[PDB]
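Chemist: Mind folding the following:
(8 chains, ligands or ions: 4)
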Amino acid sequence: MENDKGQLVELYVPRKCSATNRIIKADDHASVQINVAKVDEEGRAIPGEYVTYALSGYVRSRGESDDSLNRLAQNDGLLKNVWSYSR
Amino acid sequence: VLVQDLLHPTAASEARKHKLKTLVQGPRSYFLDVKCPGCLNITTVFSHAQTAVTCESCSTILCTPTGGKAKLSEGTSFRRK
Amino acid sequence: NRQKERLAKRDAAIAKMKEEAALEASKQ
Amino acid sequence: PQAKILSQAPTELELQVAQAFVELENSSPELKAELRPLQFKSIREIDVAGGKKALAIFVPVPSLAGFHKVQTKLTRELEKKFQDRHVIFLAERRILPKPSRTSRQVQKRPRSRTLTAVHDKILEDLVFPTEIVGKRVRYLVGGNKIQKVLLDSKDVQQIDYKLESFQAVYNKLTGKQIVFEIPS
Amino acid sequence: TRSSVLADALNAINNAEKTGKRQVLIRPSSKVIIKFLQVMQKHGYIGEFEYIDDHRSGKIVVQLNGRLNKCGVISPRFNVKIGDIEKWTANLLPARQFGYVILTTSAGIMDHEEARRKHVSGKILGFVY
Amino acid sequence: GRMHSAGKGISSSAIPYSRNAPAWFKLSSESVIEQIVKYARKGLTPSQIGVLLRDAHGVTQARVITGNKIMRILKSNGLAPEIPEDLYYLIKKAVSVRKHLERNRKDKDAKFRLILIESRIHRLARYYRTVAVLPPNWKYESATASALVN
RNA sequence: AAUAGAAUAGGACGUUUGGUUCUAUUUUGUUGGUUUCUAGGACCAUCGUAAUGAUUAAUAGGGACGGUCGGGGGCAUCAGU
RNA sequence: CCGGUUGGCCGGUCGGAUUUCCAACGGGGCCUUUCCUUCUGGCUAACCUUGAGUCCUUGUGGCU
Ligand SMILES: [Mg+2]
Ligand SMILES: [Mg+2]
Ligand SMILES: [Mg+2]
Ligand SMILES: [Zn+2]
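Modeler: Numbers count the residues shown, from 1 in each chain, chains lettered A, B, ... in the order given. Ligands and ions are numbered 1, 2, ... in the order given. Here you go, the structure:
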């Protein structure tokens, strides 16, 4: 939120899940932070900078974390012809 | 299965389901243009013709009603539409 | 229904014009 | 006989289309045999974004079945005598207004005259000889309706140079944007 | 039988969001469902929605993002006053900052904020938040 | 659904999308309506005109290649029956099961099915009286039902 | 959210045309009895034109049609130890 | 296209005042084929017919 004067009055603005855009709250101990390192042109990984995903425990307890994460990797340009937009 | 196209399904899986459960409801029937060799004339017969359709000149039963599809006569040619 | 009879008369006139010009079409 | 085929609306554009009609029946004995009772109401033009224009022929409604056996050769002959144009046949159909709370004595208004019905009648009369196999209305996030209209693969070659022309004349004749798509 | 069509539409939307998908198959259509989803779209509570014709009564696809924690319908369409807007705005909304009540008014269908500032009222349909 | 039963079956005619006439069809509207009237002088009920029209002649539906339904172009010729088809068939079915139960007086299942068939005749008589394609002084009695059948 | 509005057309708008009916505002110096136009209703035809005029056909429901299916029912008959 | 009622960017000014500029927000009446349709008598305004006057560029200019 926000007050009148122009100053943020919040504890923390929480992590949204990268699959279903839902809130990863503090006791959500099934939550996953996914780290992917992007690549150099000669097949090396620069260890400092990454592309980044977060999956809520609601998705992971089901089991479409693979399918949603394949969709996330393919629409982030990392993948092709693994996840299909139709079925 | 969190995301899939309900607008553009794959056509192999689209006519694979029921007649009434498609995105637009379509029949799964067709019409048969039948040629008995004895009089040589075009007769357009439904594929699920539920009555004993004879030929207009010869008294040949072109198709008999057997449940779903009408079975055609033996030694007799047919075409689509 | 006078308008239905007028439409039938117009259709008969169009068919009569087509049948009159069909002889000129088949002559060539 | 350019003063015989019109319907009491003399302009230069209708008389040049009318005389173009007059020399197009003269090379053919059977187009003479069908063309003589076949009249038209009026003509107007419309421009497209492709650098050219489009010629719209309005058609009185019982003459549409008479036109529906002659339209292909008439369209191709009129396009190869009129360059920088697009020949589209549409039928003039009168819309009746929706009666309000205070609307007096108007009869039970026929749904053949009503607005959405005459709008998609202009839609299938736009794209003859192929036929529409499915509509689909694309609701934009900013609140804009876009219509997507599907076709058949039988006669795509007569229409594929006229899609943007059809979009322009449709968005001028109903105010609604449209997109076309062939199935795979 | 199928009593209300908006009720089954919004129940299908709420069920497909609580199971976490991104697309639905609403069937059938109306003026009311189309204009209700346009009211959700103008606030950006749903993404694209799409209407399929079938010449009977059309099926609707709504591509929902994640943003709707609950929409619903109030099925006895009660007559609401100007002064009765605060009661439904306090009973069904979470708080006083967001949350909407959708009415059919004689100026058209609009949310409760637009019905406040239109200065009209009408009959209640449901609620989007 | 499926009243007077417990089944939930869906098994019906689909309709194709195309509101215009099919391309492979080559017959004219005046030819098919004179076909309809020569089938009508044989006294058949309009479902059988539609079925024999679908099978031996290849006509898709009546409503597409002419602008009318089947009894619009059957009372245009004025050969419509004085009572509608399905209600007349319900009377025929009722007098058939009444013939069976006057044959056998211990069949309870036929008696309960008579109650169900009679309920369907009352509901359709209410509907067809409401539109007034049936005269409003028409009431069912079983003896007059046997008179109208015979 | 209901209701009605052209389907056996006994339908609609006309500055189309026949008659049948009353009305009488005024005038003929004023009033009264008259009677002849003129205007205005209403009712019959017949004469113009209106794209002449009938919503989809619900994975609602009834109803035929088709080939089946079941220790479903009733009556008669048969069989076994 | 019309003018509203808030918010600013101005302050004109001896705490409020109103144009210009900006979003907005509603309201209204038109044009898009398409809204209340008329009959007959009285009352203004406007385009003409017919000739007259009072002003100013020699005026079918403006007012009667
Ligand atoms: Mg029941
Ligand atoms: Mg069911
Ligand atoms: Mg059905
Ligand atoms: Zn044969």
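Chemist: can I assume residue E:63 is in contact with residue E:23?
Modeler: Yes - with contact defined as C-beta atoms under 8 Å, residue E:63 and residue E:23 form a contacting pair (5.3 Å). (Each C-beta comes from the backbone N, C-alpha and C, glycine too.)
Chemist: Give the closest residue to the closest residue to chain F within chain A in space, chain neighbours not counted.
Modeler: Nearest to chain F in chain A, going by C-beta to the nearest C-beta, is residue A:86, at a distance of 21.5 Å. Once flanking residues are discounted, residue A:86 sits nearest to residue B:5: 4.2 Å by C-beta to C-beta, 6 or more residues apart in numbering or on different chains.
Chemist: Point me to the helix or strand that includes that neighbour.
Modeler: For residue B:5, there is no host helix or strand (DSSP states H and E).
Chemist: who's in contact with it?
Modeler: Applying C-beta atoms under 8 Å, 6 or more residues apart in numbering or on different chains, we find residue B:5 in contact with A:85-87, E:23.
Chemist: For residue B:47, see how far away the residue of chain E positioned farthest from its centre is.
Modeler: Relative to the mean C-alpha coordinate of chain E, counting by C-alpha atoms, centre = their mean, the farthest residue is residue E:55 (24.4 Å). For residue E:55, the distance to residue B:47 (C-beta to C-beta, to the nearest Å) stands at 23 Å.
Chemist: Could you pull out the helices in the chain for me?
Modeler: Looking at chain A here, since you left the chain open. Here chain A has its helices, by DSSP state H, at A:57-62, A:65-75.
Chemist: not what I meant, chain C
Modeler: In chain C, the helices defined using DSSP H lie at C:2-27.
Chemist: Closest approach to chain E from it, which residue is it?
Modeler: residue C:7 (29.5 Å).
Chemist: Make CSV from the helices of chain A and add mean neighbour count and distance to chain F to it.
Modeler: Output for the helices of chain A, formatted as CSV (neighbours: other C-beta atoms under 10 Å in any protein chain shown; distance: least, C-beta to the nearest C-beta, whole Å):
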stretch, mean neighbour count, distance to chain F
helix A:57-62, 17, 30
helix A:65-75, 18, 32
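Chemist: Any idea which residue is closest to the centre of chain D?
Modeler: Nearest to the geometric centre of chain D sits residue D:90, at 2.4 Å (C-alpha atoms, centre = their mean).
Chemist: re the thing from before, going by neighbour count, which of the contacts of residue B:5 comes out on top?
Modeler: Highest neighbour count within those, by other C-beta atoms under 10 Å in any protein chain shown: residue E:23, with 19 neighbours.
Chemist: Is it correct that residue B:15 is in contact with residue B:24?
Modeler: No - with contact defined as C-beta under 8 Å, residue B:15 and residue B:24 do not form a contacting pair (11.7 Å).
Chemist: These two: who's more crowded?
Modeler: A count of neighbours by other C-beta under 10 Å puts residue B:24 above the other of residue B:15 and residue B:24, at 18 against 11.
Chemist: Please name the nearest non-neighbouring residue to the more buried one.
Modeler: residue E:54 (4.7 Å).
Chemist: what about that neighbour, how many residues close to it?
Modeler: 19.
Chemist: what about it, which SS state?
Modeler: Following DSSP: H, G, I helix; E, B strand; the rest coil, residue E:54 is assigned to coil.
Chemist: The residue of chain C closest to chain E: neighbouring residues, count only.
Modeler: Neighbours of residue C:7 using other C-beta under 10 Å come to 12.
Chemist: wait, what's in contact with it?
Modeler: Applying C-beta under 8 Å, 6+ apart to residue C:7 gives the contacts residue D:62.
Chemist: Next, work out how far apart the residue nearest to the spatial centre of chain E and residue F:90 are.
Modeler: By C-alpha atoms, centre = their mean, chain E has its centre lying nearest to residue E:36, at 4.5 Å. Noted for residue E:36: a distance of 42 Å to residue F:90, by C-beta to C-beta.
Chemist: Repeat that for residue B:76.
Modeler: The value you get for residue B:76 to residue F:90, if C-beta to C-beta is used, is 40 Å.
Chemist: more crowded one of these two?
Modeler: residue F:90 (20 against 14).
Chemist: and the more buried one, that's in a helix?
Modeler: Yes - under three-state DSSP, residue F:90 falls within a helix.
Chemist: Now the phi/psi pair for the closest residue to it other than its chain neighbours, please.
Modeler: Spatial nearest neighbour of residue F:90, chain neighbours left out: residue F:121 (5.0 Å); criterion: C-beta to C-beta, 6+ apart. Backbone torsions for residue F:121, taken as degrees, to the nearest 10, come to phi -70, psi -40.
Chemist: give the contact list for the residue lying farthest from the centre of chain F.
Modeler: For chain F, the largest distance from the centre (C-alpha atoms, centre = their mean) belongs to residue F:106, which lies 31.9 Å off. By C-beta under 8 Å, 6+ apart, the contact list for residue F:106 is empty.
Chemist: Distance check, it against residue F:118.
Modeler: From residue F:106 to residue F:118 the distance is 20 Å (C-beta to C-beta).
Chemist: how about the strands of chain B, start to end?
Modeler: B:31-35, B:43-46, B:53-54, B:61-64, B:71-72, B:77-80 (DSSP state E).
Chemist: Ignore what I typed, I meant chain D.
Modeler: Going by DSSP E, chain D shows strands at D:43-47, D:53-59, D:87-91, D:135-139, D:145-150, D:178-181.
Chemist: centre of the chain versus stretch A:16-33, how much separation?
Modeler: 9 Å (C-alpha atoms, centre = their mean, to the nearest Å).
Chemist: How much space separates residue B:28 from residue E:82?
Modeler: Note on residue B:28: its distance to residue E:82, by C-beta to C-beta, is 56 Å.
Chemist: Go ahead and confirm residue E:104 touches residue E:122.
Modeler: Yes - under the criterion of C-beta under 8 Å, residue E:104 makes contact with residue E:122 at 5.0 Å.
Chemist: Skipping its backbone neighbours, what lies nearest residue E:37 in space?
Modeler: Excluding its sequence neighbours, the residue lying closest to residue E:37 (C-beta to C-beta, 6+ apart) is residue E:49, at 5.1 Å.
Chemist: what about residue D:117, neighbour count?
Modeler: Residue D:117: 14 neighbours (other C-beta under 10 Å).
Chemist: Repeat that for residue E:35.
Modeler: When neighbours are defined as other C-beta under 10 Å, residue E:35 has 15 of them.
Chemist: which bits of chain E sit near chain A?
Modeler: Counting by C-beta under 8 Å from any C-beta of the partner chain, the residues of chain E lying close to chain A are E:20, E:65-67.
Chemist: Buried among those? Make that a PyMOL selection.
Modeler: Burial among these is assessed by 16 or more other C-beta atoms under 10 Å in any protein chain shown; the matching PyMOL selection reads:
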select buried, chain E and resi 20+66
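Chemist: and which of the residues of chain E next to chain A is nearest to ligand 4?
Modeler: Nearest to ligand 4 among the residues of chain E next to chain A is residue E:20, at 62.1 Å by C-beta to the ion.
Chemist: Leaving out the residues flanking it, which one is nearest to the closest one?
Modeler: residue A:20 (5.0 Å).
Chemist: measure that neighbour to chain C for me?
Modeler: 64 Å (C-beta to the nearest C-beta, to the nearest Å).
Chemist: Please apply the same query to residue F:37.
Modeler: Separation of residue F:37 from chain C (C-beta to the nearest C-beta): 18 Å.
Chemist: What's the local residue count around whichever residue of chain F sits closest to RNA strand H?
Modeler: Closest to RNA strand H within chain F is residue F:19: 19.8 Å, counting by C-beta to the nearest atom of the strand. Residue F:19 has 12 neighbouring residues, counting by other C-beta under 10 Å.
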